[PDB]
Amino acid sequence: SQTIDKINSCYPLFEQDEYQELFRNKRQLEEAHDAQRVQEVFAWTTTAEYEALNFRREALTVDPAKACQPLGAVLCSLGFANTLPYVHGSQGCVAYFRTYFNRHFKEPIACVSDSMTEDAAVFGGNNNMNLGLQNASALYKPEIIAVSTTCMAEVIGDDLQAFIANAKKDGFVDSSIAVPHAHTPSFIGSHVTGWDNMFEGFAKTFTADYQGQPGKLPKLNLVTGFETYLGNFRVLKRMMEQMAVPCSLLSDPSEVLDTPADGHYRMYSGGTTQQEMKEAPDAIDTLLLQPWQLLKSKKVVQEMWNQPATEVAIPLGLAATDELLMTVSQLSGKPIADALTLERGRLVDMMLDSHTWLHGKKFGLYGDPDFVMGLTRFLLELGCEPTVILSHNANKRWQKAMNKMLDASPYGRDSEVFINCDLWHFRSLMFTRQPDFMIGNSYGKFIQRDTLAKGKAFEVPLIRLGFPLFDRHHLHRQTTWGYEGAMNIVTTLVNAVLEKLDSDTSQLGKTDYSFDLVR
């Protein structure tokens, strides 16, 4: 039942007596395991014994912490001006890529499929490509149609290059439209692989035959790789403007992912222009900011464009931001701006002011390989201990570099790094290694719940940094790179500590001797 003055949604409607009774009655018809047996099995799943069995898996994956290649190609493609992402293959994939980004960004996501079905399974997807490019061009009027693929297309071996040439020659798509492509098999690598593959296709389309000369333009290009915080595209531009060093981001979806609600729907907004991509080989250099995933993009830069591809670490944290700005200064010959040095000192002031709550705190963390390395680095710089470090889509070379960084640090002595392991592995580790907190995305909420069910003393609270973030709003606007993003990370970490300490000391007459006003 419901009362008119206070209508209850699902929770807490179903807590009402009539629904508790309903559930008792339904449970009699399910042949439910006995409650003691369920409790026994749950307790068993929290043990070291269970963990050893869990870590023997070779074939089953449970709660993965990665997505497939085309998702990354779509995000890359969204970063160019007047570009329509197009995924050649089966349509289910495109409903899911759009929905996945919709729920993180809270924004519309334009992306089409050419709807290959069983017919296309037999004959090849050439008809779908021809009609799909013609219909997409007619309805959405893109300047660029950025083609990637679904696994069906890859298995059947559709020749993308040849289909796209055949479409233009036959008049299905106007020749003035740019149609970069990339093969993005979801059974290789992950969504970060797709992003790098898509970027290589844009670079081929816009620069293959170009006679470039590095330093002809006194600019630097920046390439972010797969990144879903709007503030990171924006802070890079802001710091380069303070440095007075001209810059293009190559793939910048930060305007099309944040159009205003002003009565108009804008499918296209901002983004890297064709002029910026076509003149990219003339820059001094191109800085690949997530180096572990930008592998083919480094080959573009060095082999096609004959630029240095000056190695840079992901610009997360104080030291890594310092290194980015020293690299920008060395390449450009311009001094670091006094406003940036002031911002740096304010970050250090925050670090000193908050260090007693962070020093020695233990964290678990997971995510993409570049992000996990960057955040692990900054945690060591804060005097925190990243004890459990997992990246499902990382490789052995990355894991070797991680252990090298950890071994060198006073704060990496109890740190364990896991690759090709998923969140059901991470869940066991939260039970056995019990860090103070875990840093993850919204899938970590289930692990927090699981650890709390063992008991309040075992709960590992989640700190949301990463992707996807589906259960809080507007975190996608944040910044995690530069001094600005390090300020966010410091504030988020310290206040997570303080919120948990307040909760633990909030029991009137029991633990509130330490419920201090001032912290």
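Counting begins at 1, following the sequence as shown.
Asker: Please work out which of 289-297 and 345-353 has the higher mean CA B-factor as recorded in the PDB entry.
Answerer: So the stretch with the higher mean C-alpha B-factor is 289-297.
Asker: Hey, which bit's got the bigger mean C-alpha B factor in the entry, 151-159 or 322-330?
Answerer: If you average the C-alpha B-factors of 151-159 and of 322-330, the larger mean comes out for 151-159.
Asker: According to the deposited entry, which of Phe42, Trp481, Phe467, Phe55 has the largest Cα B-factor?
Answerer: The listed residue with the largest C-alpha B-factor is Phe55.
Asker: Just grab whichever of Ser391, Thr83, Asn403, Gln213 has the top CA B-factor as deposited.
Answerer: The C-alpha B-factor peaks, among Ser391, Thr83, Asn403, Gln213, at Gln213.
Asker: Divide the modelled residues of the chain into thirds by Cα B-factor and specify which third, lowest, middle or highest, holds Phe199.
Answerer: For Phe199, the deposited C-alpha B-factor lands in the middle third.
Asker: Would you check the entry's CA temperature factor for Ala59 and let me know if it's in the chain's lowest, middle or highest third?
Answerer: Ranked within chain, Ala59 CA B lands in the middle tercile.
Asker: Taking only the Cα B-factors deposited for this chain, tell me whether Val494 sits in the lowest, middle or highest third.
Answerer: It belongs to the lowest third of the chain when residues are ordered by C-alpha B-factor.
Asker: Going by what the PDB entry lists, where does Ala457 fall on CA B-factor within its chain: lowest, middle or highest third?
Answerer: Top third by C-alpha B-factor.
Asker: Using the B-factors in the PDB entry, rank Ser514's C-alpha atom against the chain and give the third, lowest, middle or highest.
Answerer: Answer is lowest: the recorded C-alpha B-factor places it there.
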